[PDB]
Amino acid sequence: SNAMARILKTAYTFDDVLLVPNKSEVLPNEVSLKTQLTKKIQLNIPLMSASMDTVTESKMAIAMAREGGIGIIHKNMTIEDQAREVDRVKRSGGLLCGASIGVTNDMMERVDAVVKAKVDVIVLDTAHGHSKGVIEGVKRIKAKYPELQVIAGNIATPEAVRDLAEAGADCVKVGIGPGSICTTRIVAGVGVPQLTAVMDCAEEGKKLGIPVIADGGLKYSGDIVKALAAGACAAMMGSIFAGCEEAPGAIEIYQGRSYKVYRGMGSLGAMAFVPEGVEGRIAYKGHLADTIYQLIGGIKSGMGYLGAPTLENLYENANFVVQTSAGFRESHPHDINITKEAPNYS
């Protein structure tokens, strides 16, 4: 007869999908990477460094802003220190600066301090943004500071986009469990594969007039293209920047190789417990400028392939196909002994 079936939707990450080429009348050197992070704030490139104590303090935020993106100063420091870090960025030539805020008893004291330091945007930043504490936190902050730009996260559903927008958020940050250092999905069982999360959240954001950020799980420049084509206004990265000279931490040498420490903000070491992150090391990659150069070149390439002179046109005309694990093997270089370094592929 006609049978009863279990309805379970498949959700996709970046490695599950590829963008289909469009007719193109634009060369990659003709495209524009400008984006609205919020209605108020424009970025020259759609890239953000993560608010992590192994990724962004003022050194990284200054370099990020000079490249045309933005850094979010992490909050694993006293209120006074975080205000000093923001102020250091703001004093370095009018550069944009963000600051992370938690759902804490001293939440507004921290907001007041970074506001006095002239922070451009705050990120009310929690493991579970679709929550009463974040919703009320946003309302409180916007009641006191109606023109202060507020990003709220992290979330993974359209319903969360709508609730945080109604609460007064100027932008929402998408990502539950995709981070390279993240164990949320493993230890709590919860998350949404990040390409689907970004797509579904950005679609709701577009209807509401609120942008969304694709936060976490990005490894290659092509991953960022997919996130922007899916509708994200900007991409946030920890792992891709944590090995740069401008990130916190010393350069460590071991058996002829250079490393920097990178760790989840929910790892034991960062929290110092039931942790939701791990602690480790990644390759030292040198100055941020050289990593940004490769990322931008890759984004401009993808836009050339899709005929997009702007990021809005990229989203409007992007079509995806799903690839299998065998397609993934074809997409990567295969059947070759790679003997020389490539600046954008490892």
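Numbers follow the displayed sequence, beginning with 1.
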Going by the record, give me the number of deposited-sequence residues missing between residue 272 and residue 273 as none, 1 to 3, 4 to 9, or 10 or more.
10 or more
Highest mean C-alpha temperature factor of the two stretches 177-185 and 140-148, which is it?
140-148
So, looking at the entry's B-factor column for Cα atoms, which has the higher mean, 105-113 or 187-195?
105-113
Please pick out which of 211, 216, 248, 153 has the largest Cα B-factor as recorded in the entry.
248
Looking at 94, 222, 205, 238, which one carries the largest C-alpha B-factor according to the PDB entry?
94
Looking at the temperature factor on the CA atom of residue 257, which third of the chain's modelled residues does it land in?
highest
Residue 277 CA temperature factor, ranked by third within the chain
middle
Pull the Cα B-factor of residue 157 out of the PDB entry and bin it into the chain's lowest, middle or highest third.
lowest
Binned into thirds over the chain's modelled residues, the C-alpha B-factor of residue 318 lands in the middle
Quick check for you: using the entry's CA B-factors within this chain, is residue 54 in the lowest, middle or highest third?
lowest
